[PDB]
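A.B. asks: What follows is structure20.pdb, PDB, C-alpha atoms.
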ATOM      1  CA  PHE H   1       9.996 -30.384 -14.995
ATOM      2  CA  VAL H   2       9.435 -26.622 -14.899
ATOM      3  CA  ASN H   3      11.785 -24.883 -12.326
ATOM      4  CA  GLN H   4       9.231 -23.629  -9.759
ATOM      5  CA  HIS H   5      11.386 -20.924  -8.095
ATOM      6  CA  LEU H   6      10.518 -17.389  -9.304
ATOM      7  CA  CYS H   7      13.554 -15.101  -9.311
ATOM      8  CA  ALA H   8      14.778 -11.779 -10.705
ATOM      9  CA  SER H   9      12.923 -10.659 -13.859
ATOM     10  CA  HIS H  10      10.674 -13.758 -13.801
ATOM     11  CA  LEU H  11       9.580 -12.732 -10.256
ATOM     12  CA  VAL H  12       8.782  -9.108 -11.235
ATOM     13  CA  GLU H  13       6.905 -10.345 -14.324
ATOM     14  CA  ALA H  14       4.860 -12.694 -12.122
ATOM     15  CA  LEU H  15       3.844  -9.887  -9.802
ATOM     16  CA  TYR H  16       2.934  -7.715 -12.757
ATOM     17  CA  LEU H  17       0.626 -10.564 -13.946
ATOM     18  CA  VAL H  18      -1.056 -11.570 -10.698
ATOM     19  CA  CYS H  19      -1.504  -8.064  -9.283
ATOM     20  CA  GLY H  20      -3.191  -6.606 -12.272
ATOM     21  CA  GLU H  21      -4.781  -3.250 -11.737
ATOM     22  CA  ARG H  22      -3.873  -3.296  -7.980
ATOM     23  CA  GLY H  23      -0.194  -2.865  -8.840
ATOM     24  CA  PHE H  24       2.653  -3.766  -6.408
ATOM     25  CA  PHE H  25       5.806  -2.658  -4.513
ATOM     26  CA  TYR H  26       8.827  -4.735  -5.684
ATOM     27  CA  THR H  27      11.429  -4.554  -2.989
ATOM     28  CA  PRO H  28      14.094  -7.232  -3.444
ATOM     29  CA  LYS H  29      16.296  -6.352  -0.454
ATOM     30  CA  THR H  30      13.769  -6.876   2.367
TER
ATOM     31  CA  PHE Q   1      -6.473   7.687  18.969
ATOM     32  CA  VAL Q   2      -5.327   4.023  19.282
ATOM     33  CA  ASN Q   3      -2.790   2.885  16.658
ATOM     34  CA  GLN Q   4      -3.480  -0.441  14.668
ATOM     35  CA  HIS Q   5      -0.123  -0.239  12.773
ATOM     36  CA  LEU Q   6       2.536  -2.958  13.474
ATOM     37  CA  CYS Q   7       5.997  -1.662  12.892
ATOM     38  CA  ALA Q   8       9.604  -2.486  13.854
ATOM     39  CA  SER Q   9       9.815  -4.608  17.065
ATOM     40  CA  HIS Q  10       6.014  -4.732  17.332
ATOM     41  CA  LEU Q  11       5.951  -6.341  13.819
ATOM     42  CA  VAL Q  12       8.637  -8.909  14.635
ATOM     43  CA  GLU Q  13       6.747  -9.720  17.828
ATOM     44  CA  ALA Q  14       3.503 -10.167  15.879
ATOM     45  CA  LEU Q  15       5.237 -12.622  13.493
ATOM     46  CA  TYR Q  16       6.777 -14.496  16.488
ATOM     47  CA  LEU Q  17       3.203 -14.887  17.948
ATOM     48  CA  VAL Q  18       1.239 -15.822  14.787
ATOM     49  CA  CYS Q  19       3.866 -17.971  13.209
ATOM     50  CA  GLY Q  20       4.676 -20.008  16.267
ATOM     51  CA  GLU Q  21       6.690 -23.109  15.496
ATOM     52  CA  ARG Q  22       6.435 -22.518  11.726
ATOM     53  CA  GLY Q  23       8.973 -19.756  12.214
ATOM     54  CA  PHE Q  24       9.545 -16.874   9.852
ATOM     55  CA  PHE Q  25      12.075 -14.809   7.869
ATOM     56  CA  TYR Q  26      12.379 -11.067   8.622
ATOM     57  CA  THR Q  27      14.595  -8.220   7.379
ATOM     58  CA  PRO Q  28      14.165  -4.564   8.383
TER
ATOM     59  CA  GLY K   1       5.365  -6.528   1.387
ATOM     60  CA  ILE K   2       4.961  -6.790   5.142
ATOM     61  CA  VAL K   3       5.999  -3.232   6.103
ATOM     62  CA  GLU K   4       3.885  -1.460   3.550
ATOM     63  CA  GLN K   5       1.102  -3.739   4.333
ATOM     64  CA  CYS K   6       1.158  -3.929   8.219
ATOM     65  CA  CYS K   7       3.148  -0.866   9.248
ATOM     66  CA  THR K   8       2.358   1.876   6.687
ATOM     67  CA  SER K   9      -1.102   0.467   6.225
ATOM     68  CA  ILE K  10      -3.155  -1.958   8.486
ATOM     69  CA  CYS K  11      -3.133  -5.737   7.851
ATOM     70  CA  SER K  12      -5.452  -8.633   8.676
ATOM     71  CA  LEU K  13      -4.447 -11.883  10.403
ATOM     72  CA  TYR K  14      -4.266 -13.984   7.218
ATOM     73  CA  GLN K  15      -2.148 -11.342   5.513
ATOM     74  CA  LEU K  16       0.305 -11.525   8.445
ATOM     75  CA  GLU K  17       0.189 -15.320   8.497
ATOM     76  CA  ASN K  18       1.094 -15.482   4.773
ATOM     77  CA  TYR K  19       4.618 -14.187   5.713
ATOM     78  CA  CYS K  20       5.325 -17.197   7.960
ATOM     79  CA  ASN K  21       7.683 -20.082   6.987
TER
ATOM     80  CA  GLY A   1      10.345 -10.851   1.685
ATOM     81  CA  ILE A   2       9.367 -11.871  -1.821
ATOM     82  CA  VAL A   3      12.825 -13.171  -2.743
ATOM     83  CA  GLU A   4      12.993 -15.535   0.230
ATOM     84  CA  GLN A   5       9.394 -16.701  -0.140
ATOM     85  CA  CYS A   6       9.258 -17.138  -3.938
ATOM     86  CA  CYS A   7      12.837 -17.345  -5.193
ATOM     87  CA  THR A   8      14.847 -19.108  -2.438
ATOM     88  CA  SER A   9      11.838 -21.156  -1.609
ATOM     89  CA  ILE A  10       8.631 -21.970  -3.553
ATOM     90  CA  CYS A  11       5.530 -19.851  -2.857
ATOM     91  CA  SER A  12       1.813 -20.405  -3.480
ATOM     92  CA  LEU A  13      -0.263 -18.092  -5.600
ATOM     93  CA  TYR A  14      -1.746 -16.524  -2.468
ATOM     94  CA  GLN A  15       1.732 -15.896  -1.006
ATOM     95  CA  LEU A  16       2.833 -14.234  -4.179
ATOM     96  CA  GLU A  17      -0.455 -12.253  -4.259
ATOM     97  CA  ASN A  18       0.070 -11.102  -0.656
ATOM     98  CA  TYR A  19       2.806  -8.844  -2.275
ATOM     99  CA  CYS A  20       0.355  -6.824  -4.343
ATOM    100  CA  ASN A  21      -0.817  -3.195  -3.473
TER
END
Kindly present the structure from the file in structure tokens form.

C.D. replies:
Amino acid sequence: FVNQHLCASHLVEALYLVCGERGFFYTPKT
Amino acid sequence: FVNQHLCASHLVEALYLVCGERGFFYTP
Amino acid sequence: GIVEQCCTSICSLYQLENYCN
Amino acid sequence: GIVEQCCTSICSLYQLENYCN
């Protein structure tokens, strides 16, 4: 079954995808 | 003029109110 | 996330609620 | 933040999306 947690590079790559032209702040600490 | 920003303790307080018994994670 | 969204900028109720859990 | 919502726990698309901007 696919592991459903999104972590580390997979998490940044997901934001990149879903945000599109809006872009995003990636801030892992907080 | 009146401020609509929620920052610091005001932000934590806003999460405490809207989240209610669901709770919430917060880190400054 | 929440600070950029609600503190630097202004957020709506459902944006704030999406941080609960 | 995003690590607790989406990495430690499992987030919805809208929760993930709430992190854009």

A.B. asks: Kindly resolve the PyMOL selection byres ((chain H) within 12 of (chain Q)) on the present coordinates and return the residues as JSON, numbers by chain.

C.D. replies: {"H": [27, 28, 29, 30]}

A.B. asks: Could you please determine the separation between CA of residue 10 in chain H and CA of residue 1 in chain K in Å, to one decimal place?

C.D. replies: 17.6 Å

A.B. asks: Mind listing as a list in words which residues of chain A are within 12 Å of chain Q, counting all atoms listed in the file?

C.D. replies: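 On the chain A side, the interface is residues 1, 2, 3, 4, 5, 8 and 9 of chain A.
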
A.B. asks: Keeping only C-alpha atoms, write the selected residues as a short mmCIF file (atom, residue, chain, number, x, y, z; two decimals), in the coordinates of the input.

C.D. replies:
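Produced file again.cif, reproduced below:
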data_model
loop_
_atom_site.label_atom_id
_atom_site.label_comp_id
_atom_site.auth_asym_id
_atom_site.auth_seq_id
_atom_site.Cartn_x
_atom_site.Cartn_y
_atom_site.Cartn_z
CA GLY A 1 10.34 -10.85 1.68
CA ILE A 2 9.37 -11.87 -1.82
CA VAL A 3 12.82 -13.17 -2.74
CA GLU A 4 12.99 -15.54 0.23
CA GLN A 5 9.39 -16.70 -0.14
CA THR A 8 14.85 -19.11 -2.44
CA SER A 9 11.84 -21.16 -1.61
#

A.B. asks: Which residues are close to range 11-15 of chain H, i.e. within 8 Å by all atoms listed in the file, leaving aside same-chain residues fewer than 4 positions away? Reply as an MDAnalysis selection string.

C.D. replies: (chainID H and resid 6:7 19 24 26) or (chainID A and resid 6:7 16:17 19:20)

A.B. asks: Only C-alpha atoms, please: the residues just picked out, written as a CSV table (one decimal), keeping the file's coordinate frame.

C.D. replies:
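Result saved to again35.csv:
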chain,number,residue,atom,x,y,z
H,6,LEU,CA,10.5,-17.4,-9.3
H,7,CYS,CA,13.6,-15.1,-9.3
H,19,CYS,CA,-1.5,-8.1,-9.3
H,24,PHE,CA,2.7,-3.8,-6.4
H,26,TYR,CA,8.8,-4.7,-5.7
A,6,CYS,CA,9.3,-17.1,-3.9
A,7,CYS,CA,12.8,-17.3,-5.2
A,16,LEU,CA,2.8,-14.2,-4.2
A,17,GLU,CA,-0.5,-12.3,-4.3
A,19,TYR,CA,2.8,-8.8,-2.3
A,20,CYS,CA,0.4,-6.8,-4.3

A.B. asks: Could you tell me how far CA of residue 5 in chain H lies from CA of residue 11 in chain A, in Å and to one decimal?

C.D. replies: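 Those two atoms sit 7.9 Å apart.
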
A.B. asks: Have a look at CA of residue 12 in chain A and CA of residue 10 in chain K and let me know their distance in Å, one decimal.

C.D. replies: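 Rounded to one decimal, the two atoms are 22.5 Å apart.
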
A.B. asks: Quick one: what's the axis-aligned box for range 6-14 of chain K, all listed atoms, 6 Å on every side, centre and edges in Å to one decimal, as lines of an AutoDock Vina configuration file?

C.D. replies:
center_x = -1.2
center_y = -6.1
center_z = 8.3
size_x = 20.6
size_y = 27.9
size_z = 16.2
